């Protein structure tokens, strides 16, 4: 058998602190979404039917990031969701807006869905997210070429991928960003069901190095549990991070609150779960704790990133990537990194152990 390497993920590594003349409050967190679109902060909500519809994409863009409307609905519904975001108005000085001063929004499509693309363009979507379980596939590559041919000024994101060869193929196909992540999603069983995938830190590292040669941003999609993971993903070279599970428990995410055994929850499920698809399932249907507003979640997450960048001595994301040095740690190191030998009595807003 051919073993190419030993691959690491988030928990395997930590950033080394460096000399710093910058306070966390002073750092700038703007970043590229694609080659032609800027975010005022690096978070994107996942294209999932238990995460991102209009209320969520509105908040995400008001806070300077992006929401991506899921494709588990007919064209007319998705169009209507996009218009709701575009026509939204308010306090949000970091808002992420197009040239008309309208909140930016993204919308998911799948292979061959060219009629959906047409409608979304005419609805004034800012970015189309072309998604497959296997981005490195002929269907995806062909779809990219068709979309760039018909809409040369439409910003196009394609994924998911996990290797440098995939990033090369997509970039040469004409994408404006690649999405990295095969298997690391909280609700994902892809690696278990089919044995395929690449640990997320290594996948991002590999793809970034290739995507850089084309001036193409990488989106790190899936597997983020804590703000520290966001920092690590960015430091390794990603330009933004896509998040589902950390947002699925918010007010704005689709679905109703429910209480079960004294706790509040919302539903969260893979788009490859049996429920969502109504191919063998590559995702599960579950529940996540209720966590209040998107605003409160994003605030804790960005505060973590700001801390990290303060520790590293970085003024902006690009400086963060140039300075960042990692150390690989052991299981015992991870155990020391978490809270240990104390029982938590009041839960912190940015650290929950289940």
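Residue numbers count along the first chain shown, from 1.
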Count, per the entry, the deposited residues between residue 90 and residue 91 that are not modelled, and return the matching class: none, 1 to 3, 4 to 9, or 10 or more.
10 or more
Between residue 278 and residue 279, how many deposited residues lack coordinates (none, 1 to 3, 4 to 9, 10 or more)?
10 or more
As stated in the PDB record, which stretch has the larger average Cα B-factor, 53 to 61 or 31 to 39?
31 to 39
Which is higher on average in the deposited entry, the C-alpha temperature factors of 133 to 141 or of 91 to 99?
91 to 99
Candidate set 269, 116, 191, 266 [ranked by C-alpha B-factor, highest]
116
Sorting 112, 195, 106, 181 by Cα temperature factor from the record, which one lands on top?
112
Per the entry's values, where does residue 252 land by CA temperature factor relative to the rest of its chain, in the lowest, middle or highest third?
lowest
Test of reading the entry: by CA B factor among the chain's modelled residues, which third contains residue 332?
lowest
For residue 294, does the deposited CA B-factor place it in the lowest, middle or highest third of the chain?
lowest
Ranked by Cα temperature factor within the chain, is residue 224 in the lowest third, the middle third or the highest third?
lowest
In terms of the chain's CA B-factor thirds, is residue 124 lowest, middle or highest?
highest
